[PDB]
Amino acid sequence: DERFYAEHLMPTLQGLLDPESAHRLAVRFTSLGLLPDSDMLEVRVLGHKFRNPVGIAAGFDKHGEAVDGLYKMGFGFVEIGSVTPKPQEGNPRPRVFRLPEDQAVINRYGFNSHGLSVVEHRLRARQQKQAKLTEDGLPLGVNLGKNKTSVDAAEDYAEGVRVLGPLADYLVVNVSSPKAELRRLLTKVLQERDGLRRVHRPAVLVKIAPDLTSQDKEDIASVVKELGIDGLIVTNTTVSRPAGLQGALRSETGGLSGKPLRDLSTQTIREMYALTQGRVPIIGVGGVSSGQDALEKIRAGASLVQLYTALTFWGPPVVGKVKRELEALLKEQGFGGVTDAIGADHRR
């Protein structure tokens, strides 16, 4: 199955369809269930149980259309979004580009979004089914964005907390799509979160870019610890273009994802974990396509990982591949389970 998808099915789909069409078709098949975990992999973090540490990253299911199909694919948690307060169309097409020679993607969707109300009703339609999933170790995250024309960014995020916070196990404030300002924004987000009833009160995480200065990262770490933010997601796509990219489309505007981002992300995880003294959970994301990629991020300080771009090259079988390879490496390196490996590089 893994070799069939990787060598025949996916490159044939890649040859027939532009990338955005292929993505919409993938969302449709996934939402319909048309698709091909040991105790070692279980993680307790963010007030929840995660049956395995491999999640689908924000951007694949922007509108909350495919959540149950994504669990069926084998992900330990699903993050939907980003969702903006009002519906908006995003940038003109084409707005996403494959770099097959680099195992990379560049995108400038621009927060195309069905908007909070539509996503609210979509998640309400399965709210009790989610409550059982979460209880069974399959939590749901909701990533919040802001409309293009908004004047008050904090009020857009506050709206998302009030509308989708009650349906989420965790919320993501994505201030990273391609110090006192951040403190102001996050104080307002956390106040809105704390005003939700306890059974409907999610964890709040901040998702950051890999393109931050050292000053930026220091200031983020300080605010996150000061305010009691529950976690970090590290990282979004990069607006850098590392030397060595071969794809003809490498100079398209947008955020770069996939293998060229991987170690830039891992190093950002490493720094943020050290700057927060290992006390702030990190979801690590960027260029994960194997168990080794996942364990490097875990050893660098991630309690959980996500992927997206690998799914677009290798198809659904990549999820089970990453999990199988991660379990094998954990045993080889003598860890009793994922939990013991979190942050392990910092104890050498």
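Between two forms, the rigid core is the largest collection of C-alphas that superpose within 1.5 Å. The numbering used is simple: start at 1 and walk along the sequence shown.
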| property | result |
| --- | --- |
| Stretch departing more from the displayed form, 179-187 or 267-275, Cα RMS in 9 other deposited structures of this protein (core fit) | 179-187 |
| Extent of unmodelled deposited sequence, residue 48 relative to residue 47 | none |
| Missing from the model but present in the deposited sequence, between residue 178 and residue 179 | 10 or more |
| Of 109-117 and 230-238, the stretch whose C-alpha atoms average the higher B-factor in the entry | 109-117 |
| Which of 78-86 and 194-202 has higher mean CA B factor, as the PDB entry lists it | 194-202 |
| Options 218, 135, 156, 263 - largest CA temperature factor per the record | 135 |
| From 245, 224, 151, 142, residue of greatest CA B-factor | 151 |
| Record-listed C-alpha B factor of residue 174: chain third | highest |
| Where the record places residue 320 (Cα B-factor, split into thirds across the chain) | middle |
| Assigned third (lowest, middle, highest) for the C-alpha B factor of residue 307 | lowest |
| Lowest, middle or highest third - CA B-factor, residue 292 | lowest |
| Residue 127, C-alpha B-factor rank within chain (lowest, middle or highest third) | middle |
